Every structure is written in C-alpha cells, then in structure tokens.
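Student: structure10.txt is the file, holding compact mmCIF, N, CA and C atoms:
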# COMPACT_ATOMS: atom_id res chain seq x y z
N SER A 1 10.00 -20.44 -116.49
CA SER A 1 9.11 -19.26 -116.41
C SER A 1 7.68 -19.49 -116.91
N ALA A 2 7.44 -20.52 -117.73
CA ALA A 2 6.13 -20.79 -118.33
C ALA A 2 5.07 -21.25 -117.31
N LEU A 3 5.48 -21.99 -116.26
CA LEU A 3 4.58 -22.51 -115.22
C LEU A 3 4.31 -21.49 -114.10
N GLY A 4 4.53 -20.21 -114.35
CA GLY A 4 4.33 -19.12 -113.39
C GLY A 4 2.95 -19.11 -112.76
N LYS A 5 1.88 -19.46 -113.48
CA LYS A 5 0.52 -19.60 -112.92
C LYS A 5 0.43 -20.61 -111.77
N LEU A 6 1.08 -21.76 -111.88
CA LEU A 6 1.04 -22.80 -110.84
C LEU A 6 1.99 -22.47 -109.70
N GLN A 7 3.19 -21.96 -110.00
CA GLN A 7 4.12 -21.52 -108.97
C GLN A 7 3.56 -20.34 -108.17
N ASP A 8 2.80 -19.44 -108.78
CA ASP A 8 2.09 -18.36 -108.09
C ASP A 8 1.12 -18.90 -107.03
N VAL A 9 0.38 -19.96 -107.32
CA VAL A 9 -0.50 -20.62 -106.33
C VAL A 9 0.29 -21.24 -105.17
N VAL A 10 1.46 -21.83 -105.41
CA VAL A 10 2.34 -22.31 -104.34
C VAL A 10 2.87 -21.15 -103.50
N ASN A 11 3.31 -20.07 -104.13
CA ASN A 11 3.88 -18.90 -103.47
C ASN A 11 2.86 -18.13 -102.64
N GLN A 12 1.64 -17.90 -103.13
CA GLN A 12 0.60 -17.19 -102.38
C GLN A 12 0.21 -17.93 -101.10
N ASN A 13 0.09 -19.25 -101.15
CA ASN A 13 -0.24 -20.04 -99.97
C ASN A 13 0.90 -20.09 -98.95
N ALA A 14 2.16 -20.05 -99.38
CA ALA A 14 3.29 -19.85 -98.47
C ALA A 14 3.30 -18.45 -97.84
N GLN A 15 3.12 -17.36 -98.60
CA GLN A 15 3.02 -16.01 -98.04
C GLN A 15 1.91 -15.90 -96.98
N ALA A 16 0.78 -16.56 -97.20
CA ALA A 16 -0.34 -16.59 -96.26
C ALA A 16 0.02 -17.29 -94.94
N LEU A 17 0.61 -18.49 -94.97
CA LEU A 17 1.03 -19.21 -93.77
C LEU A 17 2.23 -18.56 -93.08
N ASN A 18 3.19 -18.01 -93.81
CA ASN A 18 4.32 -17.29 -93.21
C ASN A 18 3.87 -16.01 -92.51
N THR A 19 2.93 -15.26 -93.08
CA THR A 19 2.33 -14.10 -92.40
C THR A 19 1.59 -14.51 -91.13
N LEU A 20 0.85 -15.62 -91.17
CA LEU A 20 0.09 -16.12 -90.03
C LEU A 20 1.00 -16.58 -88.89
N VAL A 21 2.11 -17.26 -89.19
CA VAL A 21 3.12 -17.65 -88.19
C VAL A 21 3.82 -16.44 -87.61
N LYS A 22 4.29 -15.50 -88.44
CA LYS A 22 5.00 -14.31 -87.95
C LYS A 22 4.13 -13.41 -87.08
N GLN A 23 2.82 -13.35 -87.31
CA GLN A 23 1.90 -12.63 -86.42
C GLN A 23 1.85 -13.18 -84.99
N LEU A 24 2.37 -14.37 -84.68
CA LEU A 24 2.53 -14.81 -83.29
C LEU A 24 3.59 -14.01 -82.52
N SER A 25 4.56 -13.41 -83.21
CA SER A 25 5.59 -12.56 -82.61
C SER A 25 5.13 -11.14 -82.26
N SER A 26 3.90 -10.75 -82.59
CA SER A 26 3.36 -9.41 -82.31
C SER A 26 2.86 -9.27 -80.87
N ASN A 27 2.98 -8.07 -80.29
CA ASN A 27 2.45 -7.79 -78.95
C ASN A 27 0.94 -7.52 -78.95
N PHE A 28 0.39 -6.91 -80.00
CA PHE A 28 -0.99 -6.40 -80.04
C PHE A 28 -1.34 -5.44 -78.88
N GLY A 29 -0.33 -4.82 -78.27
CA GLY A 29 -0.45 -3.96 -77.09
C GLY A 29 -0.32 -4.68 -75.74
N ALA A 30 -0.11 -5.99 -75.70
CA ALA A 30 0.23 -6.72 -74.47
C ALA A 30 1.68 -6.48 -74.02
N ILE A 31 2.01 -6.93 -72.81
CA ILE A 31 3.37 -6.83 -72.22
C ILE A 31 4.41 -7.64 -72.99
N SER A 32 4.02 -8.75 -73.62
CA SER A 32 4.91 -9.60 -74.42
C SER A 32 4.16 -10.33 -75.53
N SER A 33 4.85 -10.69 -76.61
CA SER A 33 4.39 -11.60 -77.65
C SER A 33 4.43 -13.06 -77.22
N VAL A 34 5.08 -13.38 -76.11
CA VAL A 34 5.25 -14.75 -75.60
C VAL A 34 4.30 -14.95 -74.43
N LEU A 35 3.37 -15.88 -74.56
CA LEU A 35 2.29 -16.07 -73.58
C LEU A 35 2.80 -16.60 -72.23
N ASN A 36 3.87 -17.39 -72.23
CA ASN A 36 4.53 -17.83 -71.01
C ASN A 36 5.22 -16.70 -70.23
N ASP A 37 5.62 -15.58 -70.84
CA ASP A 37 6.08 -14.41 -70.06
C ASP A 37 4.95 -13.89 -69.19
N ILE A 38 3.80 -13.60 -69.80
CA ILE A 38 2.64 -13.04 -69.11
C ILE A 38 2.25 -13.93 -67.93
N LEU A 39 2.13 -15.23 -68.16
CA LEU A 39 1.73 -16.20 -67.14
C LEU A 39 2.81 -16.47 -66.08
N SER A 40 4.09 -16.26 -66.37
CA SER A 40 5.18 -16.40 -65.38
C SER A 40 5.54 -15.10 -64.68
N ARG A 41 5.01 -13.94 -65.09
CA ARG A 41 5.28 -12.61 -64.50
C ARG A 41 4.11 -11.99 -63.75
N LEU A 42 2.87 -12.31 -64.09
CA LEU A 42 1.68 -11.66 -63.55
C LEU A 42 0.74 -12.67 -62.89
N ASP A 43 0.03 -12.26 -61.84
CA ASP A 43 -1.05 -13.05 -61.23
C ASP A 43 -2.39 -12.76 -61.91
N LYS A 44 -3.36 -13.68 -61.81
CA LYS A 44 -4.50 -13.80 -62.73
C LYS A 44 -5.22 -12.50 -63.05
N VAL A 45 -5.52 -11.67 -62.05
CA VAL A 45 -6.26 -10.41 -62.24
C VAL A 45 -5.58 -9.48 -63.25
N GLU A 46 -4.25 -9.43 -63.26
CA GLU A 46 -3.45 -8.64 -64.20
C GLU A 46 -3.03 -9.43 -65.43
N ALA A 47 -2.75 -10.73 -65.30
CA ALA A 47 -2.39 -11.58 -66.43
C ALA A 47 -3.50 -11.63 -67.46
N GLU A 48 -4.74 -11.87 -67.05
CA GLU A 48 -5.87 -12.03 -67.97
C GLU A 48 -6.14 -10.79 -68.81
N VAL A 49 -5.78 -9.59 -68.34
CA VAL A 49 -5.87 -8.35 -69.13
C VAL A 49 -4.90 -8.37 -70.31
N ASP B 1 -20.98 -11.46 -43.74
CA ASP B 1 -19.80 -11.93 -43.01
C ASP B 1 -19.22 -10.77 -42.21
N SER B 2 -18.99 -10.97 -40.91
CA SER B 2 -18.75 -9.89 -39.95
C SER B 2 -17.58 -10.18 -39.01
N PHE B 3 -16.70 -9.20 -38.83
CA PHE B 3 -15.46 -9.32 -38.05
C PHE B 3 -14.82 -7.94 -37.76
N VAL B 4 -13.80 -7.91 -36.90
CA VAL B 4 -12.99 -6.70 -36.62
C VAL B 4 -11.53 -6.94 -37.00
N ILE B 5 -10.90 -5.93 -37.60
CA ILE B 5 -9.48 -5.90 -38.00
C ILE B 5 -8.92 -4.49 -37.81
N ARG B 6 -7.59 -4.31 -37.82
CA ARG B 6 -7.01 -2.96 -37.78
C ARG B 6 -7.17 -2.25 -39.13
N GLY B 7 -7.24 -0.92 -39.12
CA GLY B 7 -7.47 -0.10 -40.33
C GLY B 7 -6.58 -0.41 -41.54
N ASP B 8 -5.29 -0.68 -41.32
CA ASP B 8 -4.35 -1.07 -42.38
C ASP B 8 -4.80 -2.30 -43.18
N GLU B 9 -5.41 -3.26 -42.49
CA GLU B 9 -5.76 -4.58 -43.03
C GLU B 9 -7.07 -4.56 -43.82
N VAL B 10 -7.89 -3.50 -43.71
CA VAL B 10 -9.17 -3.38 -44.43
C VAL B 10 -8.99 -3.47 -45.95
N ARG B 11 -7.84 -3.03 -46.48
CA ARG B 11 -7.49 -3.20 -47.90
C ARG B 11 -7.45 -4.67 -48.36
N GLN B 12 -7.14 -5.61 -47.47
CA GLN B 12 -7.09 -7.04 -47.81
C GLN B 12 -8.49 -7.64 -48.02
N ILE B 13 -9.56 -6.94 -47.66
CA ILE B 13 -10.95 -7.39 -47.86
C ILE B 13 -11.43 -6.98 -49.27
N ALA B 14 -10.80 -7.54 -50.30
CA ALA B 14 -11.18 -7.37 -51.71
C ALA B 14 -10.71 -8.58 -52.55
N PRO B 15 -11.33 -8.87 -53.71
CA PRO B 15 -10.95 -10.01 -54.54
C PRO B 15 -9.50 -9.97 -55.02
N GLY B 16 -8.81 -11.11 -54.99
CA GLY B 16 -7.41 -11.24 -55.43
C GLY B 16 -6.35 -10.70 -54.46
N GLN B 17 -6.74 -10.17 -53.30
CA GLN B 17 -5.81 -9.71 -52.25
C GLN B 17 -5.05 -10.88 -51.59
N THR B 18 -3.87 -10.57 -51.04
CA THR B 18 -2.95 -11.53 -50.38
C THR B 18 -2.28 -10.91 -49.15
N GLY B 19 -1.74 -11.75 -48.27
CA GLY B 19 -1.25 -11.40 -46.94
C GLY B 19 -2.01 -12.16 -45.85
N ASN B 20 -1.50 -12.19 -44.62
CA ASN B 20 -1.97 -13.12 -43.59
C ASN B 20 -3.47 -12.97 -43.27
N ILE B 21 -4.05 -11.78 -43.40
CA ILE B 21 -5.50 -11.58 -43.23
C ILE B 21 -6.28 -12.24 -44.37
N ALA B 22 -5.95 -11.94 -45.63
CA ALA B 22 -6.60 -12.57 -46.77
C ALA B 22 -6.39 -14.09 -46.79
N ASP B 23 -5.15 -14.53 -46.60
CA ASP B 23 -4.72 -15.91 -46.86
C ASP B 23 -4.92 -16.85 -45.68
N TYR B 24 -4.86 -16.35 -44.44
CA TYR B 24 -4.99 -17.17 -43.22
C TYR B 24 -6.18 -16.78 -42.33
N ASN B 25 -6.98 -15.76 -42.67
CA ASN B 25 -8.16 -15.40 -41.88
C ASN B 25 -9.47 -15.35 -42.68
N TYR B 26 -9.56 -14.56 -43.75
CA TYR B 26 -10.79 -14.40 -44.54
C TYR B 26 -10.50 -14.16 -46.03
N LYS B 27 -10.77 -15.16 -46.88
CA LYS B 27 -10.47 -15.14 -48.32
C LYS B 27 -11.74 -14.99 -49.15
N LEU B 28 -11.80 -13.99 -50.03
CA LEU B 28 -12.90 -13.81 -50.99
C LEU B 28 -12.72 -14.65 -52.26
N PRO B 29 -13.81 -15.04 -52.95
CA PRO B 29 -13.74 -15.51 -54.33
C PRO B 29 -13.15 -14.45 -55.27
N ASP B 30 -12.43 -14.87 -56.32
CA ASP B 30 -11.88 -13.95 -57.33
C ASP B 30 -12.97 -13.16 -58.08
N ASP B 31 -14.15 -13.76 -58.21
CA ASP B 31 -15.30 -13.29 -58.99
C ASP B 31 -16.49 -12.89 -58.09
N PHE B 32 -16.20 -12.53 -56.83
CA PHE B 32 -17.17 -12.15 -55.80
C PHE B 32 -18.14 -11.04 -56.26
N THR B 33 -19.45 -11.26 -56.07
CA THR B 33 -20.49 -10.24 -56.25
C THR B 33 -21.09 -9.88 -54.90
N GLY B 34 -21.04 -8.61 -54.53
CA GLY B 34 -21.25 -8.21 -53.14
C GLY B 34 -20.82 -6.79 -52.83
N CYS B 35 -21.01 -6.36 -51.59
CA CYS B 35 -20.50 -5.10 -51.07
C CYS B 35 -19.65 -5.32 -49.81
N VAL B 36 -18.55 -4.58 -49.70
CA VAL B 36 -17.64 -4.55 -48.56
C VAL B 36 -17.84 -3.23 -47.83
N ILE B 37 -18.30 -3.31 -46.59
CA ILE B 37 -18.71 -2.16 -45.78
C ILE B 37 -17.89 -2.16 -44.49
N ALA B 38 -17.24 -1.06 -44.15
CA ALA B 38 -16.40 -0.97 -42.97
C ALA B 38 -16.48 0.40 -42.31
N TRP B 39 -16.30 0.44 -40.99
CA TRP B 39 -16.24 1.68 -40.23
C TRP B 39 -15.25 1.57 -39.07
N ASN B 40 -14.58 2.67 -38.77
CA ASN B 40 -13.71 2.77 -37.60
C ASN B 40 -14.54 2.56 -36.33
N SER B 41 -14.05 1.73 -35.41
CA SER B 41 -14.75 1.31 -34.20
C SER B 41 -13.88 1.47 -32.95
N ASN B 42 -12.89 2.38 -32.96
CA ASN B 42 -12.06 2.69 -31.80
C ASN B 42 -12.88 3.06 -30.54
N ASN B 43 -13.98 3.78 -30.73
CA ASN B 43 -14.96 4.14 -29.69
C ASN B 43 -15.83 2.97 -29.19
N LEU B 44 -15.84 1.83 -29.89
CA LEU B 44 -16.64 0.64 -29.57
C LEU B 44 -15.79 -0.54 -29.07
N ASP B 45 -14.57 -0.69 -29.58
CA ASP B 45 -13.77 -1.91 -29.47
C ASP B 45 -12.44 -1.76 -28.72
N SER B 46 -11.83 -0.58 -28.68
CA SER B 46 -10.59 -0.38 -27.90
C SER B 46 -10.86 -0.34 -26.40
N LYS B 47 -9.87 -0.75 -25.59
CA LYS B 47 -9.95 -0.76 -24.11
C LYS B 47 -8.62 -0.33 -23.48
N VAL B 48 -8.68 0.27 -22.30
CA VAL B 48 -7.50 0.65 -21.49
C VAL B 48 -6.77 -0.61 -21.01
N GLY B 49 -5.45 -0.67 -21.23
CA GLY B 49 -4.64 -1.90 -21.07
C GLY B 49 -4.72 -2.88 -22.26
N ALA C 1 19.66 9.45 -49.72
CA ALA C 1 20.00 10.56 -50.62
C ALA C 1 18.87 11.59 -50.77
N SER C 2 19.20 12.79 -51.25
CA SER C 2 18.21 13.74 -51.76
C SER C 2 17.62 13.29 -53.10
N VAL C 3 16.35 13.61 -53.38
CA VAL C 3 15.65 13.15 -54.60
C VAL C 3 16.30 13.64 -55.90
N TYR C 4 16.89 14.84 -55.91
CA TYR C 4 17.63 15.33 -57.09
C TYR C 4 18.94 14.56 -57.35
N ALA C 5 19.47 13.89 -56.32
CA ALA C 5 20.79 13.28 -56.29
C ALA C 5 20.72 11.79 -55.90
N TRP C 6 19.67 11.11 -56.34
CA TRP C 6 19.31 9.73 -56.02
C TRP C 6 20.51 8.77 -56.10
N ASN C 7 20.57 7.81 -55.17
CA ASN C 7 21.72 6.91 -55.02
C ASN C 7 21.36 5.49 -55.46
N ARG C 8 22.11 4.94 -56.42
CA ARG C 8 21.88 3.64 -57.07
C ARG C 8 22.90 2.59 -56.63
N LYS C 9 22.43 1.43 -56.17
CA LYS C 9 23.23 0.22 -55.95
C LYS C 9 22.87 -0.85 -56.97
N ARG C 10 23.85 -1.38 -57.71
CA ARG C 10 23.67 -2.62 -58.49
C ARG C 10 23.68 -3.82 -57.55
N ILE C 11 22.61 -4.61 -57.59
CA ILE C 11 22.48 -5.90 -56.93
C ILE C 11 22.78 -6.98 -57.97
N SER C 12 23.65 -7.92 -57.63
CA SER C 12 24.08 -8.98 -58.54
C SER C 12 24.62 -10.19 -57.78
N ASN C 13 24.72 -11.33 -58.46
CA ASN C 13 25.38 -12.55 -57.99
C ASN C 13 24.88 -13.04 -56.62
N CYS C 14 23.57 -12.99 -56.38
CA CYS C 14 22.95 -13.32 -55.09
C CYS C 14 21.54 -13.89 -55.28
N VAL C 15 21.05 -14.68 -54.32
CA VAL C 15 19.64 -15.11 -54.32
C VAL C 15 18.82 -14.15 -53.48
N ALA C 16 17.71 -13.69 -54.03
CA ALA C 16 16.79 -12.78 -53.38
C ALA C 16 15.73 -13.53 -52.55
N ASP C 17 14.97 -12.80 -51.75
CA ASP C 17 13.63 -13.23 -51.34
C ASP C 17 12.72 -12.01 -51.20
N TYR C 18 11.87 -11.80 -52.20
CA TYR C 18 10.98 -10.66 -52.26
C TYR C 18 9.79 -10.80 -51.32
N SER C 19 9.48 -11.99 -50.80
CA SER C 19 8.39 -12.16 -49.83
C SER C 19 8.66 -11.39 -48.54
N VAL C 20 9.93 -11.31 -48.14
CA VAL C 20 10.43 -10.47 -47.04
C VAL C 20 10.03 -9.01 -47.23
N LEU C 21 9.97 -8.56 -48.48
CA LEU C 21 9.52 -7.22 -48.85
C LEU C 21 7.98 -7.17 -48.90
N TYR C 22 7.34 -7.91 -49.81
CA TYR C 22 5.92 -7.68 -50.14
C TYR C 22 4.94 -8.11 -49.04
N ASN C 23 5.34 -9.00 -48.11
CA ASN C 23 4.50 -9.34 -46.95
C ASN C 23 4.49 -8.24 -45.87
N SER C 24 5.48 -7.34 -45.84
CA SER C 24 5.60 -6.35 -44.76
C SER C 24 4.66 -5.16 -44.93
N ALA C 25 3.82 -4.89 -43.92
CA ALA C 25 2.93 -3.73 -43.89
C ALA C 25 3.66 -2.39 -43.65
N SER C 26 4.94 -2.43 -43.29
CA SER C 26 5.80 -1.25 -43.06
C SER C 26 5.85 -0.28 -44.25
N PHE C 27 5.68 -0.78 -45.47
CA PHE C 27 5.79 0.01 -46.69
C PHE C 27 4.49 0.74 -47.03
N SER C 28 4.48 2.05 -46.81
CA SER C 28 3.37 2.98 -47.07
C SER C 28 2.90 2.99 -48.53
N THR C 29 3.75 2.58 -49.48
CA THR C 29 3.27 2.05 -50.77
C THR C 29 4.23 0.98 -51.31
N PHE C 30 3.69 0.05 -52.09
CA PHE C 30 4.41 -1.03 -52.76
C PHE C 30 3.74 -1.29 -54.11
N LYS C 31 4.13 -0.53 -55.14
CA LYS C 31 3.55 -0.58 -56.49
C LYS C 31 4.52 -1.23 -57.45
N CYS C 32 4.10 -2.25 -58.18
CA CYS C 32 4.93 -2.93 -59.17
C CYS C 32 4.35 -2.79 -60.58
N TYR C 33 5.24 -2.79 -61.56
CA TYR C 33 4.96 -2.57 -62.98
C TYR C 33 5.66 -3.67 -63.78
N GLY C 34 4.96 -4.29 -64.73
CA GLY C 34 5.49 -5.41 -65.52
C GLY C 34 5.70 -6.73 -64.76
N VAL C 35 5.43 -6.78 -63.46
CA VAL C 35 5.46 -7.97 -62.60
C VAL C 35 4.38 -7.86 -61.50
N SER C 36 3.79 -8.97 -61.06
CA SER C 36 3.06 -9.07 -59.78
C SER C 36 4.00 -9.33 -58.59
N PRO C 37 3.93 -8.60 -57.47
CA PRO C 37 4.87 -8.75 -56.36
C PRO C 37 4.97 -10.19 -55.85
N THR C 38 3.83 -10.87 -55.67
CA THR C 38 3.76 -12.30 -55.30
C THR C 38 4.36 -13.28 -56.31
N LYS C 39 4.66 -12.83 -57.53
CA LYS C 39 5.30 -13.61 -58.60
C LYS C 39 6.82 -13.39 -58.68
N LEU C 40 7.37 -12.37 -58.00
CA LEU C 40 8.82 -12.07 -58.00
C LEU C 40 9.70 -13.23 -57.55
N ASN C 41 9.27 -14.03 -56.58
CA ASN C 41 10.05 -15.16 -56.07
C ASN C 41 10.24 -16.32 -57.07
N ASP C 42 9.54 -16.35 -58.21
CA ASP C 42 9.70 -17.40 -59.23
C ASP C 42 10.72 -17.05 -60.33
N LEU C 43 11.16 -15.79 -60.40
CA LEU C 43 11.89 -15.21 -61.53
C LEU C 43 13.41 -15.18 -61.31
N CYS C 44 14.15 -14.87 -62.37
CA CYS C 44 15.55 -14.45 -62.31
C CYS C 44 15.79 -13.25 -63.23
N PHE C 45 16.85 -12.50 -62.96
CA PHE C 45 17.16 -11.21 -63.57
C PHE C 45 18.66 -11.09 -63.84
N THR C 46 19.04 -10.30 -64.84
CA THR C 46 20.46 -10.09 -65.18
C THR C 46 21.17 -9.36 -64.04
N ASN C 47 20.61 -8.23 -63.62
CA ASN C 47 20.92 -7.48 -62.41
C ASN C 47 19.63 -6.83 -61.89
N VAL C 48 19.67 -6.30 -60.67
CA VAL C 48 18.68 -5.34 -60.18
C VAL C 48 19.38 -4.04 -59.83
N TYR C 49 18.77 -2.89 -60.10
CA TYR C 49 19.25 -1.62 -59.56
C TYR C 49 18.29 -1.14 -58.48
N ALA C 50 18.79 -0.94 -57.27
CA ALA C 50 18.04 -0.32 -56.18
C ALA C 50 18.39 1.17 -56.12
Produce structure tokens that represent the structure in this file.
Tutor:
Amino acid sequence: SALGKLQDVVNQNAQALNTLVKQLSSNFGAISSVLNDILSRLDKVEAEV
Amino acid sequence: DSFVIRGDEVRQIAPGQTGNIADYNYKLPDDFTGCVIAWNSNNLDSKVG
Amino acid sequence: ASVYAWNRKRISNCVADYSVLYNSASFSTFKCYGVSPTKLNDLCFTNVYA
C-alpha cells in the first residue's frame, strides 16, 4: 500500500488507453462502430456520410 | 453534352447513378460541377410507325 | 394481400440475385435503408422476410 503514488501513475495511464481503445466500439451516430460494415454495405455517396 | 432518352431514364443523368444508361451510355463524374437541363420532346422527336 | 392484413414469406436456404430486382425499371419505387441496392449482391443474411 505504501507505493500507491507510483501504482496510481501506472493505473491512470492504463485507464486512459483502455478508454481510448473502447471508444472504437462507439457508433457516434453512424450505422456501425465497425468501418468494414459501412464499406461492405454502402456505395461511396452514402458510405462517406 | 446533348442527347435524347425516354422520360424514365432522365433520373440516371446525375452523379453516382447506375443502370444501362448511366453505365453503358453516359456516365458523370462523382464530383461533377454543372447543370442538368431536360425537356419533353414528344412533339419534336416521336414519329408515326 | 390488403395493407391492413399484409402477407409475409420467410426466404431462407437459397442464393439470391438482387441485380434482377434493382436493374428493372418496372418498379415505380425502389428505396433501400441500411444498404445500397448495388451492394446487395456482395452480402449474406440469416433470413429475409418478404
């Protein structure tokens, strides 16, 4: 428990990268979170939107 | 660019359109800058027989 | 069918060809949602309901 200051620096940088990776699963209002769905389902005029 | 087509096919004269008129007769650029102007010509172009 | 009493067929266990559909001018409208009609021939589906 005494090294909590250094373990906190390891833990904060993991929370930051895990949040950044998990944000790839978000839609952001698109048809899918997976970019290959959009490109395999829609033609360019609708895909690019 | 000037030509005659049937009224149904006039919809194919726009960017990103597909079908035998767009794909095998007259194809626009996807990013075309221009105007598409059309008029019915049954009184000019149709004939008996 | 009547529109209040719409009739559903499950399509399954078969190969499609949607170009037979989307190339035909016979259809007074052909509107697709979540897919481009010209892209239908590349896909597969669990079932279709007509």
Student: Could you please select, counting all atoms listed in the file, the residues of chain B within 8 Å of chain C and state them as a PDB file with N, CA and C atoms, in the frame of the given file?
Tutor:
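Result file follows (out.pdb):
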ATOM      1  N   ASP B   8      -5.290  -0.680 -41.320  1.00  0.00           N
ATOM      2  CA  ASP B   8      -4.350  -1.070 -42.380  1.00  0.00           C
ATOM      3  C   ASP B   8      -4.800  -2.300 -43.180  1.00  0.00           C
ATOM      4  N   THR B  18      -3.870 -10.570 -51.040  1.00  0.00           N
ATOM      5  CA  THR B  18      -2.950 -11.530 -50.380  1.00  0.00           C
ATOM      6  C   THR B  18      -2.280 -10.910 -49.150  1.00  0.00           C
ATOM      7  N   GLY B  19      -1.740 -11.750 -48.270  1.00  0.00           N
ATOM      8  CA  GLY B  19      -1.250 -11.400 -46.940  1.00  0.00           C
ATOM      9  C   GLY B  19      -2.010 -12.160 -45.850  1.00  0.00           C
ATOM     10  N   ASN B  20      -1.500 -12.190 -44.620  1.00  0.00           N
ATOM     11  CA  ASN B  20      -1.970 -13.120 -43.590  1.00  0.00           C
ATOM     12  C   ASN B  20      -3.470 -12.970 -43.270  1.00  0.00           C
TER      13      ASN B  20
END
Student: Let's see if you can do this: from backbone DSSP, list all alpha helix (DSSP H) residues in chain A, as an NGL selection string.
Tutor: :A and (4-22 or 35-41 or 44-47)
Student: If you count only C-alpha atoms, which residues fall within 9 Å of residue A:38, apart from same-chain ones fewer than 6 positions away, as a list in words?
Tutor: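 Counting only the stated atoms, we get residues 30, 31, 32, 46, 47 and 48 of chain A; 34 and 35 of chain C.
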Student: Would you compute the distance between atom CA of residue C:18 and atom CA of residue C:49? Give it in Å to one decimal.
Tutor: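 Value for the atom CA of residue C:18-atom CA of residue C:49 distance: 14.3 Å.
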Student: Would you compute the box with edges along x, y and z of the file around stretch 20-29 of chain A, including every atom the file lists for it and 8 Å extra on each side, and give its centre and edge lengths in Å to one decimal, as AutoDock Vina command-line options?
Tutor:
--center_x 2.1 --center_y -10.8 --center_z -83.5 --size_x 22.9 --size_y 29.7 --size_z 31.4
Student: Do you have the atom N of residue B:16-atom C of residue B:33 distance handy?
Tutor: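 Those two atoms sit 12.3 Å apart.
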Student: When the cut-off is 6 Å and we count only N, CA and C atoms, which residues of chain A are near chain C, given as a PyMOL selection string?
Tutor: chain A and resi 41-43
Student: From a DSSP calculation on the backbone, collect every residue of chain C in strand (DSSP E or B) and output the set as number ranges by chain.
Tutor: C: 10-11, 48-49
Student: Applying 8 Å and all atoms listed in the file, which residues near stretch 24-31 of chain B remain after dropping the ones on its own chain fewer than 6 positions away? List them as a list in words.
Tutor: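 With the cut-off at 8 Å, the set is residues 12, 13, 14, 15, 16, 17 and 18 of chain B.
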Student: Hey, can you check how far atom CA of residue B:11 sits from atom CA of residue C:26?
Tutor: 14.3 Å
Student: Counting only C-alpha atoms, figure out which residue out of A:17, A:39, A:9, A:45 gets nearest to chain B.
Tutor: A:45
Student: Contacts of residue B:10 at 10 Å or less, counting only C-alpha atoms, minus same-chain residues fewer than 6 places along, as a list in words?
Tutor: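 Skipping anything fewer than 6 positions along the chain leaves residues 4, 21, 22, 36, 37, 38 and 39 of chain B.
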Student: Here is a test: counting all atoms listed in the file, which residue of A:44, A:33, A:28, A:19 is nearest to chain B?
Tutor: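 Comparing A:44, A:33, A:28, A:19 against chain B, the winner is A:44.
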Student: Any idea what's packed within 10 Å of residue C:44, counting only C-alpha atoms, ignoring anything in its chain fewer than 3 positions away? Could you give it as a ChimeraX atom specification?
Tutor: /C:15-16,40-41,47-48
Student: From the block I gave, I'd like stretch 20-32 of chain A written with N, CA, C and O atoms, as a compact mmCIF listing (two decimals), in the first residue's frame.
Tutor:
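Full text of out-v5.txt as output:
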# COMPACT_ATOMS: atom_id res chain seq x y z
N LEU A 20 -9.53 4.86 -24.57
CA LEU A 20 -9.25 5.18 -25.97
C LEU A 20 -9.52 3.99 -26.90
O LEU A 20 -10.10 4.18 -27.96
N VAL A 21 -9.17 2.77 -26.50
CA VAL A 21 -9.48 1.54 -27.24
C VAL A 21 -10.98 1.27 -27.26
O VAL A 21 -11.55 1.05 -28.32
N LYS A 22 -11.66 1.34 -26.11
CA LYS A 22 -13.10 1.07 -26.04
C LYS A 22 -13.93 2.07 -26.84
O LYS A 22 -14.92 1.67 -27.44
N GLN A 23 -13.50 3.32 -26.98
CA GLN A 23 -14.16 4.29 -27.86
C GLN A 23 -14.17 3.90 -29.34
O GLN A 23 -14.97 4.45 -30.09
N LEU A 24 -13.39 2.92 -29.80
CA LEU A 24 -13.53 2.38 -31.16
C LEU A 24 -14.84 1.60 -31.36
O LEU A 24 -15.34 1.52 -32.47
N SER A 25 -15.43 1.06 -30.29
CA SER A 25 -16.71 0.35 -30.34
C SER A 25 -17.94 1.26 -30.40
O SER A 25 -19.05 0.76 -30.51
N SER A 26 -17.79 2.58 -30.33
CA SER A 26 -18.90 3.54 -30.37
C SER A 26 -19.38 3.82 -31.80
O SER A 26 -18.59 3.82 -32.73
N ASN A 27 -20.68 4.07 -31.99
CA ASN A 27 -21.24 4.46 -33.29
C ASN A 27 -21.00 5.93 -33.64
O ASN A 27 -20.92 6.26 -34.81
N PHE A 28 -21.00 6.83 -32.66
CA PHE A 28 -21.02 8.29 -32.86
C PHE A 28 -22.16 8.78 -33.76
O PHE A 28 -22.07 9.85 -34.37
N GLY A 29 -23.24 8.00 -33.88
CA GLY A 29 -24.37 8.25 -34.77
C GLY A 29 -24.25 7.65 -36.18
O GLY A 29 -25.16 7.83 -36.98
N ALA A 30 -23.17 6.94 -36.51
CA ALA A 30 -23.06 6.16 -37.74
C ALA A 30 -23.89 4.86 -37.70
O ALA A 30 -24.36 4.43 -36.65
N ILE A 31 -24.02 4.19 -38.84
CA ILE A 31 -24.74 2.91 -38.98
C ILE A 31 -24.07 1.76 -38.20
O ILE A 31 -24.76 0.87 -37.73
N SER A 32 -22.75 1.79 -38.03
CA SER A 32 -22.00 0.79 -37.27
C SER A 32 -20.73 1.38 -36.65
O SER A 32 -20.16 2.33 -37.17
